[PDB]
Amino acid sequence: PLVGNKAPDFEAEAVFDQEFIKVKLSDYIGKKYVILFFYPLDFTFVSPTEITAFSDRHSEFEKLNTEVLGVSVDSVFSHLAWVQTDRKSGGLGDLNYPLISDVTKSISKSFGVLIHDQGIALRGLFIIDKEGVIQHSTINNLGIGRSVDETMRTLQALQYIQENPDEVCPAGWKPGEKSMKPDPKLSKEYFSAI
């Protein structure tokens, strides 16, 4: 599986602050967590709500040492045209993170989210830790938007267990909730408490 292993590296053109840049995924290793989400096409319907939802809460991810990266098979010129469209008109407005262009579809293919039939990507999202290892996947069919909240929760759980490597996070864990020690003897400390 992809989860539990190093992410497939890529180097691609992207749009950031309405300028054309390059983004190399491995360049974030050692530096930040990465939330990499794919969406099907520019100028669609669920996709702008996801993209701007993540843009509006980007400060929360930046303060948690996490970068957000959006990817679709569109070119950087579609990306740029869409950034310059008003949100009220179905556009994106200005974005707080890079919009990555996968024109060759190799990135979507390497993450297993490419629908070969249609040449577009599913709504797949991947949380990558500072060592470059994929720790989480959410993959939705095209009609169902994802959740910034659940992405935030999963990310906080990952950072929590990586700072306290002797803990694991129970179902529904939030910051402030009790964790547990994955040990037949010490986990009882949790199981008695409830």
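We number the residues from 1 along the sequence you see.
- Query: Out of 142 to 150 and 55 to 63, which one has CA B-factors that are higher on average in the deposited record?
  - Reply: Mean CA B-factor is higher for 55 to 63.
- Which has the higher mean CA temperature factor in the PDB entry, 110 to 118 or 84 to 92? Going by the record's values, the stretch with the higher mean is 84 to 92.
- Modelled-residue ranking by C-alpha temperature factor, third containing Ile194: Highest third of the chain for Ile194's C-alpha B-factor.
- Taking the values exactly as deposited, rank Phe38 by C-alpha B-factor within its chain and report the matching third: lowest, middle or highest. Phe38: CA B-factor falls in the lowest third of its chain.
- Message: What third of the chain does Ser137 rank in for C-alpha temperature factor, lowest, middle or highest?
- Response: It falls in the bottom third of the chain.
- Query: Going by the entry, which third of its chain does the Cα temperature factor of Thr49 land in?
  - Reply: CA B-factor rank for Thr49: lowest third.
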